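Inspection log for the structure reproduced underneath, given as structure tokens.
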Amino acid sequence: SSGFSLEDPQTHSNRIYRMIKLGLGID
Amino acid sequence: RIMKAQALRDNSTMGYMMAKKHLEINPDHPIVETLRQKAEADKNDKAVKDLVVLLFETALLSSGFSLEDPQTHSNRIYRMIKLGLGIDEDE
Amino acid sequence: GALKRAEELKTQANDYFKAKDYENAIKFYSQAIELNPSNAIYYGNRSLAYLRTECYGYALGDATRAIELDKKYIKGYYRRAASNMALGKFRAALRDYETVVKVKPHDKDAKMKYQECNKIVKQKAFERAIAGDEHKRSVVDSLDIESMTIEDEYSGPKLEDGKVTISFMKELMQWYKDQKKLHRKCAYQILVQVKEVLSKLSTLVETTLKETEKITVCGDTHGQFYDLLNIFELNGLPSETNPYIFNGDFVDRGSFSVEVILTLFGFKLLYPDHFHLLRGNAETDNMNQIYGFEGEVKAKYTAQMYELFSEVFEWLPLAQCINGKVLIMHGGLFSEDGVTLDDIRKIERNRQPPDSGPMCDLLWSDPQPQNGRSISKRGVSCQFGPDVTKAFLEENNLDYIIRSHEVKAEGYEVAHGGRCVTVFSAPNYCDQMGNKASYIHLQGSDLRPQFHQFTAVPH
Ligand SMILES: [Mn+2]
Ligand SMILES: [Mn+2]
């Protein structure tokens, strides 16, 4: 939100998917 | 990303050199398999509409596009934290 | 004691209930409670039988009272949670299930159901965390801009908050003679209110026109201030007193073209019931690029004004019927003879198809005296004629059609015996094109086309 890019956008997305698997009841 | 950031280039004429985004999904991966089960019951269900924007935003972000509206994604993950902390209804 | 007779009646009630004879059982259940407040296990069974017979309230109350007086009644909490689920209430069923599960952890049937319902609640919780309104926000900022009052009022206009007086609509027109403009906030103030009204108004318009009232029609009137003055010579004031249909290209091919819609939108707010303003093709988005209006507005006001006018050009009425006897239409109905405004209405007024496609096929399907349907060189690739138009009049129960798009070397058209009617209302298009214009006088009781001629325009 501050204009800074991530060091590894993939691991943010993996952590968001670790949350979305709760969101979809997968695992 | 680089052309947008130039100090002295007129980007208004980008229309003929900007590419168009084609979205590709992993047929094997659990989330997409679950999403065909979710979409199966109701094609018009907003809950599957809401994923296909959140997943798109999450996929953009990984691919190097900027959010033209970064606060929406932020407020989504803050509403996600209100789940993760059990305070989503403020009670 | 009478309770024992009700208990014997409950033994046969369980046989009867399992044979769907519920009314006998429920009479015996009433007789049992009429004496006894305390037969908890058999209350929970009337709670179940009630759930099966959708008597949610009785069962819910029976379980609540029992659990209040008996905090250990675990089967009652299970019945209560099952009834809550059936009613559609998850969080109450969770509180009951958690309470069953903590009071008697040893029953796995309560435990597995609790966790299934928790998993179901995770979906609704995630839905409340992910969702938002399904539109781009855009023009709602026009409310914010006005509510911020960057400046409030100006040397010309005196505008009200909404429903601007007829005297101020008159004033606005008479310094369009002076060639002044509205202040940006007050131009937004009318335009967002107009948008809201147009967004509420019928999804496509059908009207029974009344008997004594006299038609004023404009076909195309590519916006010019002398044309506004000249229609106020041609007729009296629209004034909730005469039906006034603006069935035209208005917003394009004339210097005063945002000004025409700025006053006409005002009149539509003040005269809603029989003032009807229909899409030209030339009111559509791309028309403003090709004839520069997009940039002409952008000089006159900052670009967001033009975006609002382009949005209001999608909120503007597409086609409509007068008395079920004439179609008022820029062009003619799309594709085959079966299409009505009741077919078209199902598509909402927030859209445009391709330039040859169904709404544009309305807006621009050309005539022919050639009786069949046909396709045309102009660019829509469509033109229809007297056999097909008579088939539409029968299919749709009308008697005639009025059209407005077609520039003339002189005046109006009467073609194929007058079943189809043309009116054209732009005497000068620009200095490339000056020619005679037509107006029509028609009356809402008796219907045939009758014609008025209009000679010359200054600048
Ligand atoms: Mn025209
Ligand atoms: Mn036209």
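Residue numbers (my numbering), protein chains in the order written: chain A, 10 to 36; chain B, 132 to 222; chain C, 9 to 467.
Even for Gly, the Cβ is constructed at its ideal location relative to N, Cα and C.
9 Å Cβ cut-off: residues of chain C touching residue i
i: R207(B); result: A137, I138, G140
i: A190(B); result: The premise fails here: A190(B) is roughly 15 Å from chain C at the closest Cβ pair, so nothing lies under 9 Å.
Buried/exposed call for residue i, threshold 16 Cβ in 10 Å
i: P361(C); result: exposed
i: residue 468(C); result: Chain C is shown from 9 up to 467; residue 468(C) falls before or after that span and cannot be answered.
i: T224(C); result: buried
i: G12(A); result: exposed
i: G303(C); result: exposed
i: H467(C); result: exposed
i: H153(B); result: exposed
i: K276(C); result: buried
i: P161(B); result: exposed
i: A71(C); result: buried
i: residue 234(B); result: In the structure as shown, chain B starts at 132 and stops at 222, and residue 234(B) therefore has no counterpart that could be examined.
i: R88(C); result: buried
i: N92(C); result: buried
i: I49(C); result: exposed
i: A67(C); result: buried
i: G365(C); result: exposed
i: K26(C); result: exposed
i: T229(C); result: buried
i: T189(B); result: buried
i: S412(C); result: buried
Heavy atom of ligand 1 within 7 Å of residue i beta-carbon
i: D228(C); result: yes
Closer than 7 Å at the beta carbon, the chain A residues around residue i
i: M211(B); result: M28
i: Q202(B); result: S10
i: residue 229(B); result: For residue 229(B) there is no data in the structure shown, the boundaries of chain B being 132 and 222.
Backbone CA spacing between residue i and residue j [nearest angstrom]
i: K398(C); j: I383(C); result: 18 Å
i: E62(C); j: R103(C); result: 22 Å
i: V184(B); j: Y162(C); result: 44 Å
i: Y309(C); j: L406(C); result: 43 Å
i: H282(C); j: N250(C); result: 8 Å
i: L237(C); j: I174(C); result: 16 Å
i: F176(C); j: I336(C); result: 30 Å
i: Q232(C); j: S446(C); result: 16 Å
i: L43(C); j: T165(B); result: 54 Å
i: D257(C); j: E414(C); result: 10 Å
i: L217(C); j: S263(C); result: 34 Å
i: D395(C); j: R456(C); result: 19 Å
i: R136(C); j: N22(C); result: 43 Å
i: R145(C); j: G96(C); result: 33 Å
i: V172(C); j: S197(B); result: 44 Å
i: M134(B); j: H21(A); result: 26 Å
i: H114(C); j: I82(C); result: 11 Å
i: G387(C); j: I298(C); result: 14 Å
i: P201(B); j: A139(C); result: 16 Å
i: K208(C); j: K116(C); result: 54 Å
i: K178(C); j: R381(C); result: 45 Å
i: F98(C); j: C125(C); result: 7 Å
i: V205(C); j: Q182(C); result: 25 Å
i: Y64(C); j: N32(C); result: 18 Å
Chain-ordered neighbours of residue i on chain A, where CB pairs are closer than 8 Å
i: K130(C); result: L31, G32, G34
i: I162(B); result: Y26, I29, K30, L33, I35
Cross-chain neighbours of residue i in chain C, by beta carbon under 8 Å
i: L185(B); result: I138
Chain A contact residues for residue i, given Cβ-Cβ distances below 9 Å
i: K127(C); result: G34
Partners in chain B for residue i, counting only beta-carbon separations shorter than 7 Å
i: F134(C); result: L214
Test: residue i CB closer than 8 Å to a CB of chain D
i: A172(B); result: The chain inventory of the structure shown lacks chain D, comprising the protein chains A, B and C.
Proximal residues of chain C, C-beta to C-beta of residue i below 7 Å
i: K152(B); result: Ordered by position in chain C, no residue passes the 7 Å Cβ test against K152(B), which lies about 17 Å from the chain.
Exercise. If you measure from each residue's Cβ to the nearest non-hydrogen atom of ligand 3, which ones come out under 5 Å, in chain order?
Worked result: No copy of ligand 3 appears in this structure; the ligands present are ligand 1 and ligand 2.
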